[PDB]
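As a starting point, one isolated chain is supplied in structure tokens, in the form deposited in one PDB entry.
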């Protein structure tokens, strides 16, 4: 039985991009693999987070993990900061990675483009993520396309540690879905949808109500050609909407192209909004059930205890390999 690890930042409320690219597949993989699913709050604070919003987004993410169908008896669900081994292993891997490898990361370059002043944690984001994965001898890392480069670096760091000190880490492999690996922003179809986008109109969170979802889908940027067909280069907006429609409804893109022959973008958008609303309706109902109850904290308590047992043992082996401590 292979091991899976994957994490989601409580930098906001997760989007249909997070769902389609990652979380939706978590629900299937929990039955086939030994699964660790993490709320990576230490990654979230690599940029400014209001403390009250962060505390709440951590609970919201935990509730949405379970609301979409993750069974806490089949997968280990826990908060990153409640397992100290992640910070401990992050430091050791920070001493393995070179500054040039971190500065070349695409995520760092895009996230620091606003400039002014960028935290060191943003630069050292990858070694913490590498620690997340390597601590549990992870075989498979299910992610969207945006995390492929970080997993490539994680493999490099595992190989470097293994050959500098001794064989210890499993070399992880990314698992990126064939469909929906990069949901695009509704207001800029050339940028990926992000839950921390300064525009709320760029994303659909799993907690958006019907009126909000209708507004954001109908406001999504398109061309003016009027034909509903998939073509990323010429029609990136319509192409993104068709991809969301297809993967949420179960209709193929060609089937959707035929369905909307001779129809305008207006009815296409209105229909897609209702497809999204109906998808989110049972998720939101179970979400409110998890946010109301003490059982959410008990799930998190037990998840952290289990992750701590595995991760702290790996840290002991990492320290012994490097010569730290006694």
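Numbering follows the first chain given and starts at 1. Note that the rigid core is defined as the largest set of C-alphas that superpose within 1.5 Å between two forms.
FYI, the form deposited in another entry isn't displayed, but the following is about it.
Only one entry in 212, 94, 88, 81 has its C-alpha moved by 2 angstroms or more between the shown form and the other one when the rigid core is superposed, and that entry is 212. Core-superposed comparison between the shown form and the other one: the CA of residue 134 stays below a 2 Å shift.
Once the rigid core is used as the reference frame, the Cα position of residue 197 differs between the shown form and the other one by 2 Å or more.
Residue displacement note: residue 149 has its CA displaced by under 2 Å between the shown form and the other one (rigid core superposed). Legend note: Cα of residue 148 to Cα of residue 180 is at least 3 Å farther in the other entry than in the depicted form.
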